[PDB]
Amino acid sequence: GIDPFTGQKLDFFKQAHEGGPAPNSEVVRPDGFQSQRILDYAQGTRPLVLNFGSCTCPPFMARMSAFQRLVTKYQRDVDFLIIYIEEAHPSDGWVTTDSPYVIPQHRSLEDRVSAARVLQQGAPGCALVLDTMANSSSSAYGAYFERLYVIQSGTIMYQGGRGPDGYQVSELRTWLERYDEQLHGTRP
């Protein structure tokens, strides 16, 4: 069906939520730009942590070292993925930013991968993909600006809550702590 007021196909896709299906939305491998999807990154029944953001998104950069600490701590049982999305504060935008990063709004995958490479010159080999230029994953996960998720066997287990900067990472740590405790016992 077409929406008479848009001329576009009618949308029947429900927004992502905890306990609902994790969208198998499209992403891009930095090396070679091959198409992939979020669930290509799930390894069987291991939880997969998703971290959407960009270099010009301050809270995303402020938590990166903490996120990398989580990878080391939980990698025994959990997988992790960064999704590099549209810049929060592009250097050619309307609002002048004093972001330490000066990155024009991406106009192609070549621009976006260039930005992603700046990110990953820190964070030695975390898994990282790009969102498609249609922003397929950002849209499906409601994850523009930045967002954290945990998915497992195709279901959303943790959805990063909007609200003050600081909590999402502490809440994610809580989810991972409880999962690790269920598998192995409480750490002494």
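All residue numbers refer to positions in the sequence shown, first residue = 1.
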Inset, instruction - Using the B-factors recorded in the PDB entry, average over the C-alpha atoms of 13-21 and of 168-176, then report which stretch comes out higher. - result: 13-21
Inset, instruction - Could you settle it for me: does 28-36 or 148-156 have the higher average Cα B factor in the PDB entry? - result: 28-36
Legend entry - Highest recorded Cα temperature factor - choice among 125, 53, 142, 47: 125
Inset, instruction - Using the entry's values, work out which of 88, 102, 78, 116 has the largest Cα B factor. - result: 102
Inset, instruction - Would you mind ranking residue 109 by its C-alpha B-factor against the rest of the chain and naming the third, lowest, middle or highest? - result: middle
Legend entry - Entry-reported Cα temperature factor of residue 68, expressed as the chain third it lands in: middle
